[PDB]
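Protein chains in written order, with UniProt numbering: chain A, 19 to 239, 256 to 462; chain B, 19 to 239, 256 to 462.
Protein chains: 2
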Amino acid sequence: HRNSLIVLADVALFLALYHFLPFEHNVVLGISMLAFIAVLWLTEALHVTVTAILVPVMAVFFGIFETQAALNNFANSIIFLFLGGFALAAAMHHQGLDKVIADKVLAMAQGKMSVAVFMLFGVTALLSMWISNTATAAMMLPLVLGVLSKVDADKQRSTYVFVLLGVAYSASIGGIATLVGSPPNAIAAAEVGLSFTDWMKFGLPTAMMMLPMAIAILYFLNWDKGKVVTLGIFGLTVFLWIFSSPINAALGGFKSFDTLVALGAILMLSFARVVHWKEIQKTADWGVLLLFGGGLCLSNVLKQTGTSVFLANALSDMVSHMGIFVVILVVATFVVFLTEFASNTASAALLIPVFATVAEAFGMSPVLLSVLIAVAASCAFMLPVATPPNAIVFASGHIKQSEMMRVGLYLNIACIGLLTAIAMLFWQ
Amino acid sequence: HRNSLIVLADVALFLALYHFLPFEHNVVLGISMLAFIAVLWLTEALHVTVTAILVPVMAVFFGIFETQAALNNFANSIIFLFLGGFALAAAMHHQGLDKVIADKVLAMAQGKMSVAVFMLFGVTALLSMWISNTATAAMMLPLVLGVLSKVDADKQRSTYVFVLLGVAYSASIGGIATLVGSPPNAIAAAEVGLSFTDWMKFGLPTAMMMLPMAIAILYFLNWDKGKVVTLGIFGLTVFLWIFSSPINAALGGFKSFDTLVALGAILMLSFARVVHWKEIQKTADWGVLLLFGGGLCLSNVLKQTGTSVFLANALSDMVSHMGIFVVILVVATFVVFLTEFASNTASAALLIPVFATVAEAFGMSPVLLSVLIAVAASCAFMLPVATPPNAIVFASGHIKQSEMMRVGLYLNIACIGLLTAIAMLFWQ
Ligand code: NA
Ligand code: NA
Ligand code: NA
Numbered sequence: 019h020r021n022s023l024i025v026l027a028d029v030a031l032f033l034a035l036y037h038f039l040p041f042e043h044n045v046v047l048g049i050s051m052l053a054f055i056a057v058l059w060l061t062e063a064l065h066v067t068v069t070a071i072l073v074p075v076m077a078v079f080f081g082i083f084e085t086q087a088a089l090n091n092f093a094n095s096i097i098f099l100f101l102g103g104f105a106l107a108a109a110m111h112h113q114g115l116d117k118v119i120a121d122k123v124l125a126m127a128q129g130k131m132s133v134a135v136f137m138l139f140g141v142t143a144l145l146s147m148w149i150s151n152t153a154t155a156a157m158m159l160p161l162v163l164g165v166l167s168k169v170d171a172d173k174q175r176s177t178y179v180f181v182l183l184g185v186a187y188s189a190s191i192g193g194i195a196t197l198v199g200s201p202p203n204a205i206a207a208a209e210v211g212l213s214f215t216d217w218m219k220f221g222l223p224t225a226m227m228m229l230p231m232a233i234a235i236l237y238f239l256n257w258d259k260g261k262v263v264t265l266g267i268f269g270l271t272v273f274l275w276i277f278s279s280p281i282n283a284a285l286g287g288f289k290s291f292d293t294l295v296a297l298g299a300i301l302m303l304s305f306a307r308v309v310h311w312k313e314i315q316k317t318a319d320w321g322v323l324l325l326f327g328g329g330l331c332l333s334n335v336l337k338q339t340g341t342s343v344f345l346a347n348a349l350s351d352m353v354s355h356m357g358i359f360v361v362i363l364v365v366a367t368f369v370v371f372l373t374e375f376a377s378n379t380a381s382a383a384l385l386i387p388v389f390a391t392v393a394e395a396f397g398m399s400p401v402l403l404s405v406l407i408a409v410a411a412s413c414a415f416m417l418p419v420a421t422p423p424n425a426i427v428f429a430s431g432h433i434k435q436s437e438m439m440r441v442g443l444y445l446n447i448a449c450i451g452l453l454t455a456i457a458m459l460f461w462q
Numbered sequence: 019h020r021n022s023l024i025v026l027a028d029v030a031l032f033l034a035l036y037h038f039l040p041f042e043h044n045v046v047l048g049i050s051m052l053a054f055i056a057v058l059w060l061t062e063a064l065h066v067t068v069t070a071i072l073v074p075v076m077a078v079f080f081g082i083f084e085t086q087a088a089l090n091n092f093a094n095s096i097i098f099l100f101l102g103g104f105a106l107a108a109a110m111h112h113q114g115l116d117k118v119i120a121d122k123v124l125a126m127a128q129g130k131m132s133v134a135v136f137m138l139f140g141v142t143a144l145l146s147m148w149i150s151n152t153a154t155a156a157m158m159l160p161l162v163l164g165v166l167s168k169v170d171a172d173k174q175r176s177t178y179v180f181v182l183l184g185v186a187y188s189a190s191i192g193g194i195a196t197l198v199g200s201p202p203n204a205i206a207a208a209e210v211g212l213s214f215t216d217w218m219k220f221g222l223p224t225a226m227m228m229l230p231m232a233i234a235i236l237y238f239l256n257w258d259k260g261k262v263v264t265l266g267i268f269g270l271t272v273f274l275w276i277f278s279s280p281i282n283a284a285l286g287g288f289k290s291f292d293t294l295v296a297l298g299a300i301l302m303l304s305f306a307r308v309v310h311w312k313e314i315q316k317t318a319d320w321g322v323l324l325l326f327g328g329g330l331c332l333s334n335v336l337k338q339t340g341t342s343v344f345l346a347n348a349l350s351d352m353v354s355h356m357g358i359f360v361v362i363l364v365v366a367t368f369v370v371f372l373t374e375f376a377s378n379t380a381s382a383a384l385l386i387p388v389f390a391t392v393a394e395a396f397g398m399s400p401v402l403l404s405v406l407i408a409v410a411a412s413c414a415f416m417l418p419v420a421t422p423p424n425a426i427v428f429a430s431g432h433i434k435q436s437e438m439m440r441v442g443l444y445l446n447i448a449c450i451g452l453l454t455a456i457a458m459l460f461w462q
């Protein structure tokens with residue numbers, strides 16, 4: 019098989035770098051492992067989650083860590099914070115609160131199909147804030163192929179494809195609004211120790227910023259049992275997540291209050307009888323939760339082996355020849371196009387550790403580089419296979435490769451500017 | 019609703035015990051919480067897994083532990099060892115290696131129902147050694163309700179219930195053969211730190227004894259793509275699990291070698307392409323994996339609050355009036371009948387910590403009490419609702435409540451003897 023070969027080619031690459039690199043043995047091991055994992059996660063020869071499990075087993079066998087020490091990475095408080103958003107979404111999905119949120123809004127439009135399509139994007143993004151991106155796309159597709167029925171002029175495409183590629187992008191942009199939504203966001207918060215309210219001040223403005231800018235580029239070319263309870267619980271959870279900073283301070287200063295709030299939601303949602311656990315066990319993408327830990331284990335492997343300081347010293351002369359503007363532009367541009375070839379989270383899981391640890395060796399706040407990479411990782415708009423939402427609206431057998439390949443080439447450059455701009459403002 | 023009320027009745031008990039117990043505050047807090055959790059797990063008003071999530075959220079808010087410290091319990095090496103058994107079982111199910119194991123063996127018997135039923139039990143038990151009990155029961159029922167078709171005379175029931183209640187029991191006995199199989203086994207190994215080969219020396223001999231003794235009580239009343263590969267990995271894995279003790283010693287002494295082996299299997303099964311990850315995500319009962327951590331968190335809560343030594347001192351005069359024979363007999367008997375009313379795994383999560391920690395307060399190796407409790411938890415034979423296998427062969431609308439209610443009531447007494455005997459032999 020194709021992927022079965024990438025594994026063997028990666029094993030050879032490891033042995034080569036392991037035996038031939040003329041550096042301190044630990045740096046060789048750290049460099050070799052980093053290259054190994056990098057391939058397995060970008061090519062996906064092995065499932066993103068399978069590669070994550072391979073990270074600790076390597077560090078353990080090569081004396082980097084002891085068994086239990088390596089496994090402990092998979093229990094970060096952020097992982098449970100994301101699991102709360104899964105049970106929170108599963109709750110209002112099993113309850114049907116996502117469809118009713120679409121009807122009451124889609125029906126808010128009197129009957130104008132012209133202004134209806136615009137409302138389809140705003141919901142896909144708002145739903146992605148709490149549910150997901152692949153799921154938000156798969157859930158919106160049937161609701162998109164429903165409005166398109168009064169006038170199905172398949173020959174008329176400048177009024178037809180715009181609505182499909184829009185939701186595939188609104189789902190990806192909506193996931194950049196909150197810590198929950200896209201896995202990459204969680205990987206950043208877990209690396210630097212961000213709170214939920216910390217990441218919303220960053221991403222939400224960008225989501226508010228990037229959504230209109232994205233549409234412009236395309237343009238110019256019944257309340258039943260405890261649905262108020264689900265809303266009450268949901269509203270209460272989001273309220274604490276925003277006000278977690280002062281609430282926790284005025285309670286004794288609990289460590290990971292955002293995580294505590296997320297777990298309480300699972301309790302209220304289960305106490306309120308509104309969602310059964312078998313529902314939560316299905317909605318939660320346990321493979322992604324394992325990926326979170328796998329990325330942290332790799333990050334710690336870089337530190338314990340000194341690969342972070344070895345690469346920081348190697349890039350010392352290059353980053354000094356560049357300004358802070360030049361750096362974040364190369365990074366932003368590098369990822370904005372890299373995420374087009376590989377999975378969103380698979381890209382973030384690899385770059386967030388490398389950059390955050392090297393930036394930490396430079397005595398620089400790793401928040402900037404980390405949050406930036408997490409946002410640009412969700413900027414896959416060209417060809418499909420970049421993000422499932424892209425292949426979801428792409429599976430409609432209508433949108434052309436070259437059409438999307440060039441509309442995304444415009445949006446990509448557009449985002450690199452918006453990101454580098456906002457990234458420079460969030461400095462002093 | 020009933021369960022929503024059972025929760026409120028338990029909430030009152032906690033508040034009552036909280037303010038009224040006249041002991042040191044820590045003991046009061048530990049005592050109050052222990053009673054609270056005990057109810058939620060035996061009645062199952064909230065899903066066993068939902069109750070597990072409630073354990074840490076309490077310890078954090080009541081100052082027992084800090085957030086991250088509590089969550090780390092959910093990453094114990096045994097949990098990942100059990101996750102390996104899930105991907106190992108999920109592999110041979112999607113591949114069909116379990117079906118061929120039944121035919122090639124069931125076909126060894128030419129057509130004699132006498133040796134067919136006996137082979138039906140031996141396979142149901144051997145399959146439970148590695149897969150599960152609920153899954154093994156659901157997988158055997160069609161093969162049991164297919165052989166019992168030539169003798170369909172539901173008027174002839176003593177030749178029909180024997181084969182349904184027989185496999186429903188053989189599936190439960192098979193789960194006592196290896197560390198993987200029944201959650202209770204893992205809870206014991208995690209408390210006292212048992213290896214895979216350690217628990218097999220305990221359970222497997224007991225399984226060899228209990229299977230014939232169980233039948234006597236009932237009596238006296256094509257290899258395609260890589261199906262050998264699935265066996266090769268399985269065979270190789272089980273070979274390492276057995277010889278794990280010398281292999282690790284001859285490699286540098288890794289900490290949790292058994293856990294590493296389970297994770298390595300997940301890699302081979304994914305590298306060999308024999309099972310996709312989406313397959314593993316279905317089979318694994320993540321709710322049980324979350325339960326594992328909740329049970330360990332409780333064990334440490336008893337120590338940190340001194341409840342383990344507090345109960346040991348309270349039982350000092352009582353345990354001195356009793357011999358070691360009385361102890362292991364009282365314990366075994368209590369659970370063998372307790373598991374008839376509540377979930378099997380939920381019971382072990384409650385009693386294993388209490389006894390192992392109290393036994394530790396008595397300065398006694400908790401291995402004996404832990405392994406003992408873990409074995410008796412899988413002895414549910416009376417009414418249904420005790421174990422899914424009971425309600426699985428009972429949902430066949432043929433086996434009578436009184437029929438099973440008394441065959442298990444007799445089989446229960448039979449086990450209490452065998453266990454207390456072996457528990458005395460496994461002493462010195
Ligand atoms: Na991507
Ligand atoms: Na089993
Ligand atoms: Na039970």
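Don't be surprised by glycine CBs; every beta carbon is placed ideally from N, CA and C.
Residues with a Cβ closer than 5 Å to any heavy atom of ligand 2, in chain order?
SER146(B), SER150(B), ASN151(B), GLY193(B) and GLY199(B)
What is the DSSP secondary structure of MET356(A), counted as helix, strand or coil?
Correct three-state label for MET356(A): coil.
Have a look at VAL427(B), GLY48(B), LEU166(B) and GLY81(B) and flag the residue whose alpha-carbon is nearest the alpha-carbon of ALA156(B).
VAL427(B)
Can the beta-carbon of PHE139(B) be found less than 7 Å from the beta-carbon of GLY103(B)?
no
Report yes if the C-beta of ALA420(A) is less than 6 Å from at least one heavy atom of ligand 1; otherwise report no.
yes
Using 8 Å for Cβ pairs, my map puts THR264(A) next to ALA109(A). What's the rounded Cβ distance?
6 Å
Out of curiosity, what's the CA-to-CA distance linking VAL210(B) and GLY327(A)?
26 Å
On the three-state DSSP scale, how would you describe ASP216(B)?
helix
Quick one: which unbroken alpha helix (DSSP H) runs of 4-plus residues sit fully inside the segment 173-197 of chain B? Chain order, please.
179-192
Going by CA-CA distance only, name the one from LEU58(A), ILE96(A) and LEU363(A) that's closest to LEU452(A).
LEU363(A)
Count the other C-beta atoms from every protein chain shown that fall within 10 angstroms of the C-beta of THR379(B), then say buried if there are 16 or more, exposed otherwise.
buried
At 8 Å on the CB atoms, spell out the chain B contacts of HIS43(A), in chain order.
Those within 8 Å of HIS43(A) in chain B number zero; the least Cβ separation is about 16 Å.
Contact criterion: CB-CB distance below 7 Å. Does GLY114(A) meet it with respect to chain B?
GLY114(A) does not count as touching chain B.
Nearest CA to the CA of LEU161(A): which residue from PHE288(A), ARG175(A), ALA125(A) and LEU303(A)?
Here the closest residue by C-alpha is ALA125(A).
One question on the structure: do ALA186(B) and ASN424(B) come within less than 7 Å of each other, judged by their Cβ atoms?
yes
Note down, in chain order, each residue of its chain lying with its Cβ closer than 6 Å to the Cβ of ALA207(A), except the 5 sequence neighbours on either side.
Excluding residues within five positions, the ones whose Cβ falls inside 6 Å are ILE96, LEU197 and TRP217.
How many Å lie between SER132(A) and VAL25(A) at the Cα?
50 Å
Output, in chain order, the set of chain A residues within a Cβ distance shorter than 7 Å of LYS289(B).
Correct list: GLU84, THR85 and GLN86.
For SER412(A) and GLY193(A), which I take to be in contact (beta-carbon distance under 8 Å), what is that distance rounded to the nearest angstrom?
Cβ atoms of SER412(A) and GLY193(A) come within 8 Å of each other, at about 6 Å.
Contact with chain A by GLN338(B), beta-carbon distance below 7 Å:
No - not a single Cβ of chain A is within 7 Å of the one on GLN338(B).
At a CB-CB cut-off below 7 Å, which residues of chain B make contact with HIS19(A)?
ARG307
How is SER304(B) classed by DSSP in three states: helix, strand or coil?
helix
Collapsed DSSP secondary structure at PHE83(A) in the structure displayed
coil
Using CA coordinates, which residue listed in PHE214(B), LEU345(B) and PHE344(B) is at the minimum distance from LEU99(B)?
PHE214(B)
Three-state secondary structure assigned by DSSP to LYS434(A)
coil
Would you say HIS65(A) faces chain B, with C-beta separation under 7 Å as the test?
yes
Could you give the distance in angstroms between the alpha-carbon of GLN128(B) and the alpha-carbon of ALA420(B)?
36 Å
One question on the structure: do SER342(A) and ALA395(A) come within less than 7 Å of each other, judged by their Cβ atoms?
yes
Report yes if the C-beta distance between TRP320(A) and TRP320(B) is below 7 Å; otherwise report no.
In this structure, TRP320(A) lies near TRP320(B), with their beta-carbon atoms less than 7 Å apart.
Could you round the C-beta distance between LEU274(B) and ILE281(B) to whole angstroms and report it? I think they count as a contact, below 8 Å.
Between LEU274(B) and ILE281(B) the beta-carbon gap is near 6 Å, inside 8 Å, which marks them as a contact.
Just to confirm, does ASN347(B) get its C-beta within under 6 Å of one of the non-hydrogen atoms of ligand 3?
For ligand 3, not one heavy atom lies less than 6 Å from the Cβ of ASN347(B).
Looking at chain A, is there any beta carbon in it that lies within less than 7 Å of the beta carbon of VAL68(B)?
yes
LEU72(B), buried or exposed, once every other Cβ within 10 Å from all chains shown has been counted against 16:
buried
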